[PDB]
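**Student:** Structure, please.
(6 chains)
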Amino acid sequence: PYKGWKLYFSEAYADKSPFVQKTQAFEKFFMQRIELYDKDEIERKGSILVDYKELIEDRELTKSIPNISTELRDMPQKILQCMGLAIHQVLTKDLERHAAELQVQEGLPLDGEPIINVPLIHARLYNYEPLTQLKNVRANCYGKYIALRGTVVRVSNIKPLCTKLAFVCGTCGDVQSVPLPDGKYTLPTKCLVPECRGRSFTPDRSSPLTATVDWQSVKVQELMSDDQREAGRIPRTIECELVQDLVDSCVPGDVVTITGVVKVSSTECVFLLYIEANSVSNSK
Amino acid sequence: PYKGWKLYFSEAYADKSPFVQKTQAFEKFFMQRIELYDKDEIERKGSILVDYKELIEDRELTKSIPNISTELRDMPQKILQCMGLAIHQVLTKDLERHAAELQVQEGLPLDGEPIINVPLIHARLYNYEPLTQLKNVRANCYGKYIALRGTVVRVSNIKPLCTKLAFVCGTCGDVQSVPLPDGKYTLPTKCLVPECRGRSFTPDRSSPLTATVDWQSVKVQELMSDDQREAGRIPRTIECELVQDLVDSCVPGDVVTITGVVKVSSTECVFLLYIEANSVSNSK
Amino acid sequence: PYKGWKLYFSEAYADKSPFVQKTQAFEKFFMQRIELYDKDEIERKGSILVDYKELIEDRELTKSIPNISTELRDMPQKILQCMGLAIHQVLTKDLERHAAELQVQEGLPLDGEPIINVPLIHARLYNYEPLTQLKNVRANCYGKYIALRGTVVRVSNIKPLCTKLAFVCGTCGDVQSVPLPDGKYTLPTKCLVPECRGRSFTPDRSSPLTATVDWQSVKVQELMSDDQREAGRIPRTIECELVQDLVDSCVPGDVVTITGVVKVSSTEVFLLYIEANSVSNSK
Amino acid sequence: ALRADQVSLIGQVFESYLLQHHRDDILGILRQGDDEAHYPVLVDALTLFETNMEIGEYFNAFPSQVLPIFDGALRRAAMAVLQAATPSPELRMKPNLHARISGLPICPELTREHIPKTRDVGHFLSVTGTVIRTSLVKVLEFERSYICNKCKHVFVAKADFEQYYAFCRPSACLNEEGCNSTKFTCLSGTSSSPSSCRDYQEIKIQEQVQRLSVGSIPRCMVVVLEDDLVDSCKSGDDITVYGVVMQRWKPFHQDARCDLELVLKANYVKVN
Amino acid sequence: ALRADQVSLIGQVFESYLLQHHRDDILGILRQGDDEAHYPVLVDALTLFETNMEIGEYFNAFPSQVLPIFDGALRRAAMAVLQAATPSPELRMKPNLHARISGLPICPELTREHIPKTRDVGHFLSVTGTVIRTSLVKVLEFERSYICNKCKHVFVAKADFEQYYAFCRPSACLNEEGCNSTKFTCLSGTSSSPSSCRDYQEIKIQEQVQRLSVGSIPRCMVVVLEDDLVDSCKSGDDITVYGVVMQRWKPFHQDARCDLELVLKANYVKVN
Amino acid sequence: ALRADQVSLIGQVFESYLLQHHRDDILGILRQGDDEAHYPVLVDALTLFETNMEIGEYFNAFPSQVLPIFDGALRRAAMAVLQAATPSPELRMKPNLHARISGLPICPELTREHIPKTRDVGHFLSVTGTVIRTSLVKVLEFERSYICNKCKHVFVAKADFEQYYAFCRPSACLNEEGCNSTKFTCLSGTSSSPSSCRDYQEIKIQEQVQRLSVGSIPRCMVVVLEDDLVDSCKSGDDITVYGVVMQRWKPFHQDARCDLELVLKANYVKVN
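**Tutor:** Numbering: from 1, shown residues only, chains lettered A, B, ... in the order given. Provided below are the atomic coordinates:
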């Protein structure tokens, strides 16, 4: 029906919806830059890195979205999701146009990749200009996009995380997949058929619907100058949660500018902030 | 009714009860002795120290009650609370004459301190003549008043203890305070309202009715003769519980003659004797 | 009739069942050999040591039961129970013959201890020819009888084990004891009373019906050659349960050929632990 | 126990004093961009008490009730100072405002320089102790409200420090929510705004051994830090803590004795 | 179902014996006014056995049953000595009378010098072992008192040595109406005032190495001391713990193995 | 998912390949006396793939489903080899037959030396890692027959690899008649003798640091060995693990996040 309606359109298309305008602005920005990036490399990595200094651009790119920094700060997850929709849609339209061109060239109804199924891309942005160190990091910046400059001290070995868990209900008899934010498995509750309501709550790992993305934990401490003896005090360390392509990007002993949305850790005085990394830029 | 009756005794004021005669005898004894003691200092400390040798004085106190030592041994708490009622009542009646004279001179309808509430004072006696060393202390000493010539080794920092935890009932809608011996909340059960009866049980420390008295735990061990190397072995360490003014009176490394009633350490290896200290007399 | 089978349970001994015929074969074998063993010494020990090598002999020993090694491997518990039943029966019948002689001598039909209850003695087999090393020991060996030549490293102090736990039901008001395999108490469930049917489940130890046997846990490691430096690696060890007379027979630092039944240790994913049948010392 | 009219009087007096006193300070507070940030106003205790004695005695009697009234006075004083100020984009209103009490009237009775005893619960006094243990910045979501499906019900669950900073649990089914009440609502997961989380720190301060009041062993006082006061102090320095003495009690049990430890929810921390 | 006739015979014969030999010891016991120490009477085993053959076999067969009857015989013997004695207030009666049986005839069958195995449960025997670890003196409770408002409850349950010192409550009460509530919890019941709390010192004794009965590693027997016997044992000295061998079993769990370890409720720990 | 006809085709071609190639190995397998023992057939991947291209793609797509069909082909080939062999007592049938696939065709996508990432779950590959820890040989109660109040309940529960070896439960409740059938009574728990095990074990293989693919810290992969593969590897030995990558998830809790780690059920362990 609509572009990316299955996953990204949780809400149906609405011209009044502010989300649509952000999607159009981001997809236009990408469409200017499609020639530079490599489509196959992006699909292989499953993500795209876009410089934030290029994101903050005059005239049309800032006309559609008046305050890009404010919008990214207030709702980092929403803006990143809209940017991912924009990149996924521009890649889909590029593949559609390329398939049409291939059909024109060969002159045959059959074409390569008939399904034209585009895997999900998590758009990522780096070189975020406003940067906050441990002193600026506090509970106020919860749910706000921040940029750090701190070396990683401890790196966890790669571990999986269940981003989507399929739930099969005995009364329903069919599997239901629910989006899962950073684990913490959520009850599906309502189901498709009104009468059954999905009363049974059974996890099902066997289903292909259940998808898994790797989770890597790295702890970063902001750089502390050694010019003074008072300087060099033990620095605060904030945990970093990485996902998908970002895993293995960090290497211990290397300063990384981890610019991403930050969230509290329920498991862990009951919570403590960790930045759910959106992009990691290596020193080299 | 006698002022301060409810704070010391839950059971109502009844002249037929034998405790009344003990209270009157102690009131007379304090009346002879009230000149030496300072009323304001006693009120500030919340305690009074009376030498046991004064308790063993012949004639009247021996005639009024036959066996002070036996009554202290069998029921320490009842005799101690009777003595505290006596000191409270004699202080109240002295203040009553003073307020009566002051009212005579001033002729003011609202007298100074019209509520005239006198804080309850836990009467405490020192130099208890029968000494029961901790080695002599048997399990039958529970509920008995003993005196220990022991050296404190470990002094815990001052920790609050809830002597009264007012319980508000949601069904009733009112707040009722229950006497709380060393925690272990006692269900108020029946209340003033007959029908509601207090079905709900919700603790409420925010209420002013809830009161707290500090609790400092000190462990004492008997000094042992150093004639032989095999001698001088540290005897069993018996815990000691201080409360109210007694807290911070003990200092580690100092011998203290702790004369107090003993209870069982149900809170726990599993059970030890701890003396709920009544009076602690330092070496100096 | 036979004591302890028809009295406890309505079902009688079935000659059709091959287990009963196995008991007959073993009791005949003990009958021909009973001269060497001592009755009172065996009763004092509470068990009889019968050679597996002697039992593996041909002719009537193999004629009575075709595959003695295969039967003993497949269901060691049933074979050992039948063997102990046979030795118990032959000892009882020997004492009955002696009591008959005593009655003839005295001339009084009444005799001391007419009930003549005789303790149950577990039959024990040593020198088990098929030997399984600890490397060979696998989940396939579970439920089978193995013989291992290993040196015990750790011997736990003697600890009681409730082989029989009496149970009294509040509604019923009577006490019955249920057999208990290596602790892990099984609820009595049904009882004699039909209507009450034992709905109340109360474990008690004060009852004399409750019985207890020794349980000494010894851990054995297989003896390793010192020929090569590759040899000397950490040895495989399986826990060994010693019960009844077997306790204190093991001593730390000694090599013992523990020919015992192996079962799973549910407490600690399971690890095979050999419920020892017979422990033969080096000497 | 404060009456509504009395609360209004205290708030009005505090507003007038802080407007006449910290006009430049409140303007500078409104200067910064980050509205979510915590802001100290640093109103002096002794001069405020000289201005009106009733507010002083009420502050001494019930600090835990007076301070929210001071926060409301901050809110409306900020209203007035912003409407007075010319530039709107440069000067933004700060809903996150907290009153800081400093310069307490130096009296042995009014200010307990020693570590407080249990007699000092619900009393404002100036503990002077040297930090020994500095816990990390463990933020806490004080409000874990379970929003009702029906409109205007707005069920709210708030963490209380007396209850060992444990969130209130809606075990009772008095509300129409019933089982829906006790089940968790992932307000924090959906967005930042539904979750009201601001930071929480614990530091233990022992009385200075130089002072004659201290005993044989320096008694340790645990201090709960909040808002901007977090990270204001580091281990190993002389610290003066102006705060409200409070007691926290762990979820209590029938057999267990009550386990209370006195805490000082700091109202102002000054590094000496 | 115990016969009353045999109990009465054992009690009367034992009390007559102890009167005609241990009279002066009972005079000394009552003469000491203090109740601080539980008072032992120390009746010798072999002379008691030779005086009456029935007592010997009953005591060896059922020591845990005989010893309470011996305490009752002590109560009647104390009645007799009190009425016999001339001065009433100098010597007073003591409910806490306990019979300690020592001087057992040294025989391999009578006295199992080696630490008992599971064959020796419920048999009185000498365990000559050197104490290694001494636990702290404990109050415990003779019973977690069952307080019932309903009259003539006449239900008595006591802390069982066999059940790891855990209070036992039968499923159905003896009375026809039964208990008002299945479990009754009261402050008096939780407190040890209604119960006869006694010292409890749990020591572990190992075999003497010089003895031939010891193995490669000395076996260890855990010994429970009660009443006066607590504090009689000191670590590092040889102890001849005449006692009744029993079995403690921890609360059973269906998957878990029945966990029972041998114990010895001491009768008189004579220190060599 | 595989269809029945596809299963039949794959099994038939696998049986034909083993009959034409590994027949002598099957003879050697049935020659051994111990029937309960586990036996490797050692089928080679590249030859099997070049014989039939459908087998290659289907095995690479769904190893976990293909391997049981391979075991069924083992059983049929064992039927054929048993009827082929003249001596009956010498050649005994082996119910415990498990296919071993070795020598994958050299392809970076099919076989990748690196420790698998979460993308590699459900795919067959060669994971070359040096064993660091060798956990003890802990056999698994893989199957426990469950009978309940329901007539002929005969419920069969298999310890699932993805479930951290917790017994599987029906998604749709068949025990509608009573709660007794809903609850599970462990037959193995009551009596030790009746059970069955597959010789479970765990080793962790750490990627060789000398290789270019490995990162700064060599990643470790935990390997689950089942049946005869146990005791085939030792710590500190260069080990190549051809296996099927799956993931275990610990029992979930509402507050707790999904706790998973990649695991590798080895299909062949070869000492380099």
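**Student:** and chain A, which residues reach chain F?
**Tutor:** A:155, A:157-162, A:165, A:168, A:170, A:173, A:180, A:182-185, A:187, A:200, A:202-206, A:212-214, A:247-248, A:251-253, A:266-267 (Cβ under 8 Å from any Cβ of the partner chain). Where you see a C-beta, it was placed from the backbone N, CA and C, and this is true even at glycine.
**Student:** neighbours around residue A:173, how many?
**Tutor:** If you count neighbours by other Cβ atoms under 10 Å in any protein chain shown, residue A:173 ends up with 12.
**Student:** Which secondary structure element is home to the closest residue to it other than its chain neighbours?
**Tutor:** The shortest distance from residue A:173 to any non-neighbouring residue, by Cβ to Cβ, 6 or more residues apart in numbering or on different chains, is to residue F:172 (7.4 Å). With secondary structure defined by DSSP states H and E, residue F:172 is part of neither a helix nor a strand.
**Student:** For residue F:172, which residues are in contact?
**Tutor:** If a contact means Cβ atoms under 8 Å, 6 or more residues apart in numbering or on different chains, then residue F:172 has A:170, A:173, A:200 as its contacts.
**Student:** ok, back up a step: return the subset of the residues of chain A next to chain F lying in strands.
**Tutor:** In this view, the residues of chain A next to chain F that belong to strands under DSSP state E are A:155, A:159-162, A:165, A:168, A:202-203, A:212-214.
**Student:** The helix or strand harbouring residue D:129 pairs with which strands?
**Tutor:** For residue D:129, the element it lies in under DSSP H and E is strand D:124-134. Strand pairing for strand D:124-134, determined by DSSP bridges: strand D:200-207 (antiparallel), strand D:238-249 (antiparallel).
**Student:** Tell me how many other residues surround the residue in the stretch 101-250 of chain D that chain F sits nearest to.
**Tutor:** For the stretch 101-250 of chain D and chain F, the shortest gap (Cβ to the nearest Cβ) falls at residue D:184, measuring 7.0 Å. By other Cβ under 10 Å, the residues close to residue D:184 number 13.
**Student:** and stretch D:200-215, how far apart are its ends?
**Tutor:** 30 Å (Cα to Cα, to the nearest Å).
**Student:** returning to that earlier point: put the alpha carbons of the strand holding residue D:129 into PDB.
**Tutor:** The C-alpha coordinates for strand D:124-134 follow below in PDB (Å, rounded to 0.1, in the frame of the first residue of the first chain):
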ATOM      1  CA  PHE D 124      17.200  21.200  59.500                       C
ATOM      2  CA  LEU D 125      20.800  21.300  60.700                       C
ATOM      3  CA  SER D 126      24.300  21.700  59.400                       C
ATOM      4  CA  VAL D 127      26.300  18.500  59.500                       C
ATOM      5  CA  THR D 128      30.000  19.000  59.000                       C
ATOM      6  CA  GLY D 129      31.600  15.700  57.900                       C
ATOM      7  CA  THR D 130      34.400  14.500  55.800                       C
ATOM      8  CA  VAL D 131      33.300  12.300  52.900                       C
ATOM      9  CA  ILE D 132      34.800   8.800  53.000                       C
ATOM     10  CA  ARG D 133      32.800   6.800  50.400                       C
ATOM     11  CA  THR D 134      31.600   8.400  47.200                       C
END
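**Student:** what's in contact with the next helix or strand after it?
**Tutor:** Downstream of strand D:124-134, the next assigned helix or strand under DSSP H and E is strand D:140-143. Identification of contacts with strand D:140-143 by Cβ under 8 Å, 6+ apart yields A:264, A:269-271, D:156-159, D:165, D:167, D:188, D:195-200.
**Student:** which stretches of chain A form helices?
**Tutor:** A:18-33, A:39-45, A:52-55, A:60-64, A:68-74, A:76-106 (DSSP state H).
**Student:** Please disregard the earlier target; I meant the stretch 151-272 of chain D.
**Tutor:** Per DSSP state H, counting those that start in this stretch, the stretch 151-272 of chain D carries helices over the ranges D:179-182, D:187-190.
**Student:** burial measure for residue D:243, as a count.
**Tutor:** Using other Cβ under 10 Å, residue D:243 is surrounded by 25 other residues.
**Student:** That one touches residue D:223, doesn't it?
**Tutor:** Yes. Counting by Cβ atoms under 8 Å, residue D:243 touches residue D:223, with 6.7 Å between them.
**Student:** and the chain, what are its domains?
**Tutor:** I went with chain A, as the question did not name one. A:18-126, A:146-158+A:214-281, A:163-211 (automatic domain parsing).
**Student:** hmm, I had chain D in mind actually
**Tutor:** If you go by automatic domain parsing, chain D breaks into D:4-102, D:118-137+D:199-271, D:141-196.
**Student:** show me what contacts the residue in chain D that chain B sits nearest to?
**Tutor:** Nearest residue of chain D to chain B: residue D:257, at 3.3 Å (Cβ to the nearest Cβ). By Cβ under 8 Å, 6+ apart, residue D:257 lies in contact with B:161, B:182-184, B:267.
**Student:** Distance-wise, check it relative to residue B:181.
**Tutor:** Counting by Cβ to Cβ, to the nearest Å, the separation of residue D:257 from residue B:181 is 10 Å.
**Student:** Which residue is the nearest non-sequential neighbour of residue A:232?
**Tutor:** The shortest distance from residue A:232 to any non-neighbouring residue, by Cβ to Cβ, 6+ apart, is to residue A:226 (4.9 Å).
**Student:** how about residue D:146, secondary structure?
**Tutor:** Here residue D:146 is recorded as coil under DSSP: H, G, I helix; E, B strand; the rest coil.
**Student:** same deal with residue D:106?
**Tutor:** coil.
**Student:** so residue D:74 makes contact with residue D:41?
**Tutor:** Yes. Between residue D:74 and residue D:41 there is a contact at 6.2 Å, judged by Cβ under 8 Å.
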